[PDB]
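Structure, as structure tokens:
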Amino acid sequence: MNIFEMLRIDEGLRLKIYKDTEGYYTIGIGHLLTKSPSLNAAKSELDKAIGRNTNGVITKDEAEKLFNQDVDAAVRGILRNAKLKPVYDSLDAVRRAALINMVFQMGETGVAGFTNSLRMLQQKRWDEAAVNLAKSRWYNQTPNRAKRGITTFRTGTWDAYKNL
Ligand SMILES: [Cl-]
Ligand SMILES: [Cl-]
């Protein structure tokens with residue numbers, strides 16, 4: 001298991017523009033296009049992202065290319081973030097993947113906001129961090145996904161994703 005396989009399980013793959021859990025236009029493997037309510041605005045962002053007149057539909061390879069870019073960006077946002085970097089550096093390989101997943105899902109800003117949980121993860125207080133992570137809009141709005149990430153931080157294994 002690795003970050004790519006992990007996120008692909010969590011986000012799925014869709015080749016036509018769709019609306020995410022928050023109702024925002026997205027495509028591919030969880031690639032957010034825009035927060036705007038306009039489909040045209042989404043189609044325009046899509047074309048700009050792909051480099052061609054897509055008409056709201058992309059191919060598998062194009063989906064994968066956005067994905068590779070998105071993971072890369074997530075990793076880079078963590079390393080440039082003063083609050084995130086130290087946490088990430090302190091963690092083992094499996095848990096690092098969980099942190100990338102959260103950033104990919106909620107942005108660097110969103111995660112950096114989990115001040116207390118981050119401090120607990122840095123301290124390696126797994127059970128405590130897991131309890132703190134659950135006290136969030138993130139867990140209440142997308143519980144199954146959040147549970148998978150929380151278990152990963154708790155155990156340091158890929159258990160929550162094997163079978164999926
Ligand atoms: Cl882009
Ligand atoms: Cl969920």
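What follows draws every value from the coordinates through simple rules; no lab data is involved. Using ideal geometry, Cβ is built from the backbone for each residue, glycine included, and neighbour counts are taken over all protein chains shown.
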Filter the stretch 111-145 for residues that are within 21 Å of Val75 (Cα to Cα), within 16 Å of ligand 2 (Cβ to nearest atom) and not basic (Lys, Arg); the one that is farthest from the chain's Cα centre (by Cα) is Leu133
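For the stretch 44-67, name all the residues that are touching a residue at least 24 places away in the same chain (Cβ under 8 Å) and either within 14 Å of ligand 1 (Cβ to nearest atom) or under 16 Å from the mean Cα position of the chain (by Cα) (or both). Can you show your working first?
Here is the first cut: in the stretch 44-67, the ones touching a residue at least 24 places away in the same chain (Cβ under 8 Å) are 46, 56-60, 62-64, 66-67.
Result: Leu46, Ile58, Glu62, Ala63, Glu64, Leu66, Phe67.
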Pull out all pairs, ordered by first then second residue, where Cβ-Cβ is under 8 Å, the residues are six or more apart or on different chains, the first lies in the stretch 1-29 and is of a type in the set (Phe, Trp, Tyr), and the second is surrounded by fewer than 14 Cβ atoms within 10 Å (Cβ to Cβ) and in a strand (DSSP E or B). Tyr25/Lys19
Conditions first: (1) more than 16 Å from ligand 2 (Cβ to nearest atom); (2) under 28 Å from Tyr139 (Cβ atoms). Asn40 passes all but one, so which condition is the exception? (2)
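Just for helices (runs of 4 or more DSSP H) wholly inside the stretch 109-164: which have at least 1 residues that are farther than 19 Å from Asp20 by Cα and among the acidic types (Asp, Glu)?
Working: elements: 115-122, 126-134, 137-141, 143-155.
By residue number, 126-134.
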Considering (1) within 16 Å of ligand 1 (Cβ to nearest atom); (2) under 18 Å from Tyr24 (Cβ atoms), say which one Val75 fails and leave the rest. (2)
